[PDB]
Each structure stands twice: as C-alpha cells, then as structure tokens.
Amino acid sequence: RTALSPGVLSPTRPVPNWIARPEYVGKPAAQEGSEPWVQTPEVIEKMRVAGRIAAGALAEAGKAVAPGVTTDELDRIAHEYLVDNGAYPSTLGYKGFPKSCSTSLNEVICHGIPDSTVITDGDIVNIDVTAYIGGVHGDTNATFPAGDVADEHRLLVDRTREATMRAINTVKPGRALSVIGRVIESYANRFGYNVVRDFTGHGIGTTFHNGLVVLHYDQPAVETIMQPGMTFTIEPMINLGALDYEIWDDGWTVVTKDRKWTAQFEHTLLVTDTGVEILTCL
C-alpha cells in the first residue's frame, strides 16, 4: 500500500431543513472558544443524547469498513444515521469542511476528507463523527482495520485504544488535567510510539471546540484541575514514526511526512462528582 492521494468529492449531502444547524454552518469561522467548561445539568443531559447518537453513527459507519468500500460511502452511512436520528452532522460546513465526518486512513493523522478512495486490504481507517442535537455536540472516533492488517499496524490500533481507555480512567474531580497527557505519552513511549502534539482534545458543550484544550502529551505546566460537570474529549493520535507532518491542497488532510501510519480514538467525557462518565456510548 502506498502514499495515499486525494480521490474525488461527491456533492454536499443535503440535511432535511427541519434539523437545526449549528450557528457556524456556511460561515467562515465558528462562535466558540470562550464558553464555560462546566456545563449546566440540562446541557449534560442533552449531551448524553448527542453522545449516544454520534456513538451510533460511528459503529454503523464502522461496520461498513471493508476492503472495497469508499470513504465517501462511510460518510454517506454516517450522514444518513445522524439525519435519521434528528442530528445535524457537526463537521458539515464547520469552517468550510465539506463532509459529515472525517475519514483518515493510514498515514493520515487526522481530518481526511470522505471521497472516492477505496479502502484496500490491510488499511486502517479512522472515522471521526460529531452530532449536534438539542443545542449540544457529541464527539467520537475510532480506527478500524480493513482485512489482513499487518501485526505492526494492529498492535498500533489496540495500543492507541488502550492509551485512550487509560487516560479516561484517571479522569476525576480534583485531579490535574495534565494527568491525561502523562498517562498517554508514557503508555505510547513504552512501545516506541510518538504522541501527536499540535492536535489536541477539547472542551465540548453547546459548542464544538469551546477553548478548553486537552494535551495528550506530558505537560505539567498546565494548571487546570478537573471539576464536576466538565465535558471534554480525549482523542490521542499516536504515530509509528516521526512527528513531522504535511497538509494537502484541500487544506484539511494531515499526513505524516515519512508516510508511516498513525492511529486515533476519541470519546466525549463527563467529569462527575466522584468519577467519569463516557457520554459517547450506545
């Protein structure tokens, strides 16, 4: 399998006009980055519903992952699942992004665009899906293997999953946010991988990326302490090779410079009075 290149984009999929759009749809930038980090009880309830629906759309599009299938076909399946549930696909028209999820194969770190690219035997495919319903977002991603994936590349996926699940388990009120990046990068570095630095987790509520940043590497200077009612993502991109990367002419797709493969998982988390709740479950 060699250096991916861009296929061709289908036209914008339509969203029935009854489904409420986030404010940024069709605008160049989003109104976000200065929202409260602690959600009201009502916003948290509504986020369990966004969360379950984006977890539905991810499993559904993930079941279609197979040698043969286009990434456009995954986007179609994700788009249709969100729409049939009354959810707007958060990515659609978000800063001009063209599709309803991001599909990121192999040396694509993140933000790959659904197109006519055909998944081949041995590929790894990340599907990243966000839902917007009742005023709030649910955000979640997983890397799926397609056919006979190399051991090297299976170990990578399962170890990225494992990093994310370790990170999540250490989420509790009163503990420092920098504990997440420490657990992740220590797990990663244990097997010689390299955690991506420029791309982060985020606060999420009534907005997509609300200004709260969640580093996936070890950075103790961050003073932020986790509080009950905090809602944020853990979404680590773990690289087999060098951290260096490039961006396609489409201005979205991020690829590793050395073309070595990379994997990611993501969940949307609630900090509770004593623990953690994962909102992006079925």
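Residue numbers run from 1 along the displayed sequence.
Per the PDB record, of the two stretches 223-231 and 22-30, 22-30 carries the greater mean B-factor over its C-alpha atoms. Stretch comparison (233-241 versus 59-67) by mean CA B-factor in the PDB entry places 59-67 on top. Of the candidates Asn106, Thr120, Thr130, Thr143, it is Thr120 whose Cα B-factor is highest according to the PDB record. Remark: of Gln264, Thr268, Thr272, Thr12, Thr12 shows the highest value [criterion: C-alpha B-factor in the PDB entry]. For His137, the recorded CA temperature factor ranks within the lowest third of the chain's modelled residues. Sort the chain's modelled residues by C-alpha temperature factor and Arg52 lands in the middle third, per the entry. Placement of the Cα temperature factor of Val83 within the chain: highest third of the modelled residues, per the deposited record. Sort the modelled residues of the chain by CA B factor and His202 lands in the lowest third.
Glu45: CA B factor lies in the middle third for its chain, per the PDB record.
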